[PDB]
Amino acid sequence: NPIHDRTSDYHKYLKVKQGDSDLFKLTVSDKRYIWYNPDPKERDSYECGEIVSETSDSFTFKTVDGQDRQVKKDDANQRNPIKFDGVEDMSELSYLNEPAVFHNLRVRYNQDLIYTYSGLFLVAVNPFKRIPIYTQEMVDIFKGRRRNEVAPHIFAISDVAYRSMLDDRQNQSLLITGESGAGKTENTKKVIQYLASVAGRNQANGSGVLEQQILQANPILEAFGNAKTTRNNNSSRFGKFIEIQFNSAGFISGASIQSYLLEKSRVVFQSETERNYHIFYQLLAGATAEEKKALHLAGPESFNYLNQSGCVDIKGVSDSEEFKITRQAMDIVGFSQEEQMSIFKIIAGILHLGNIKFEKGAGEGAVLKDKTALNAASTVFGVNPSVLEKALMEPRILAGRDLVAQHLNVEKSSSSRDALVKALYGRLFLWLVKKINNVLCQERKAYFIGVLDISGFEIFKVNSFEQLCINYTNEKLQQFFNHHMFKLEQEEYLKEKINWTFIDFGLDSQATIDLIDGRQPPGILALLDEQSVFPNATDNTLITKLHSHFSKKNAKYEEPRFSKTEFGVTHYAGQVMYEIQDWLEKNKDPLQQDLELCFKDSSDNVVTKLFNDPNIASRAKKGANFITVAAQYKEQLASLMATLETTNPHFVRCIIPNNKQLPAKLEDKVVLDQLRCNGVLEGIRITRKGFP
């Protein structure tokens, strides 16, 4: 049993190192310690001090320099017996408090133990380096093993959900929380590898045909769905709910991917030092000189969609290599060779579209002096350049019932070009996901385990509509933790009359949630939608309206005095200032119909499907108008949350060590902020003072 063999890799990489004769002596000491703040200003910077004396209501302890300090016993953060240092489940700690909890995660983290239980759920501190704890060898250890029987691991909570699914015959869900960069996607890939292995077929041929395809779907979506942001070199710029499906027997019958809220503005814009989607750099770097020639490609610095941020490389990543990986994954999944080259036709097409330079004509209307990029794009898309040209600068609209040809100025033409690009990319992504799902959908399930991997809470210097939707989602996920851990739990206790005193854990994001998606009174998304369908609305009337409804009326809202285009939302993870520029158009998400009539005619079999498939090209109507991005998203989310509620949820709290993407650098302020807003200690408390 490698578990019991102190020389195994299991003990080496997943267990706390044996202490020595000098640590034993410290461990049996009778002295008592307290966590304190040398600088009261810096409440998260702690030092250890020895308790030197005590009165009935206080402790007197010695600081590190040597000074003596008094504190009330009620405000004292006592240090646990150091035999607790490194303990695998912090519900076992005698003193549950912020420095004690952080300290324990520190001790474990200092020896590359990134997993720690926190009562009913798992905590995972991002190591920002590789640790050899996800081999098939490690997988096999956790099989069938009970949580208390093995060390904290993501494999272990995965196992627990599996058994619970088989024993209770109830669908399960793995909810992995975290801010951007914390580790949600890595752990997500782990849950699936472990479910695929312990539950994959095992005698010939299928066994990990399906299983392997399930596996190969992620690298597909990461190349198209992930990019470098200032907070994570592999940021997930779309959310996903993965259904891993099983039969009554417990074998994998299939899997389903639901995608959410792809950041299509990334394709046309990138803040400084960020990148566009990985796929763009992979192609330009991984294509043969031949395809390079067929797709009229050249270096990233030659494309407008790629040469603005000042970054085209990710340290330690080789795009040309990831290109090979994406391709092999598409082959496994089943992307025909014709389909694959259409896909990069779209990718190269998008790049040429971005190179189009609109100029002012004699009139205020725009002209296209150089048709080079126009013709190149037309060429790879399989569309008529002059139709596309007219569609871009002179689109036709209805004025009443009349048919009026417009002539957009430079600005408008560029925005329209950008709209095309974003529709192409987003429809493509939706198509890739559709195609994957056919492949993994080949049998009615009896049960499933759902893994939720969303875009995590983020803050940039500039926060737009995309970030509101991201942070609102993160706020609902946190509320789902609150609900289940504290609310649903005590509701039983009071229900089953065990006597029982209700406790308020002070965790509730409802006011923030309501401020955003409230219907009556109307919240931010609702006012947005209103303005969005108001013929005379501007970004300026929108913010004014927001201020009018919430400023000095909603406790979670702030009208800043330093700007007239931003508003602050107080989220669980902190206050975020949002810039109102472009929200109306972002919400409306418009595309000129002449553009679509121009692509519906393409000769490419992939492109044609992006503009004729009702499931990709059609838009629901909210009466006289098309549904908005906001109304649509709010609807897709509510459905996900309703589905979650019909599962047994397992929470993994992912935690970022610092804001630098660095290993071996656990910063207390950063970590403690997360522990607080995540509700980790409260989580341990409910578990301890309760009846699970």
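So that there is no doubt, residue numbering starts at 1 and follows the sequence shown.
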{"item": "Which of 257-265 and 618-626 has higher mean CA B factor, as the PDB entry lists it", "value": "618-626"}
{"item": "Segment of higher mean CA temperature factor, 480-488 or 570-578", "value": "480-488"}
{"item": "Top Cα B factor in the deposited entry, candidates 389, 85, 186, 418", "value": "389"}
{"item": "Of the residues 146, 106, 153, 547, the one carrying the largest Cα B-factor as recorded", "value": "146"}
{"item": "Chain-wide C-alpha B factor ranking for residue 132, given as lowest, middle or highest third", "value": "middle"}
{"item": "Third of the chain's Cα B-factor distribution that residue 159 belongs to, per the entry", "value": "middle"}
{"item": "Where the record places residue 290 (Cα B-factor, split into thirds across the chain)", "value": "highest"}
{"item": "Record-listed C-alpha B factor of residue 611: chain third", "value": "highest"}
{"item": "Residue 368 - Cα temperature factor, lowest/middle/highest third of chain", "value": "middle"}
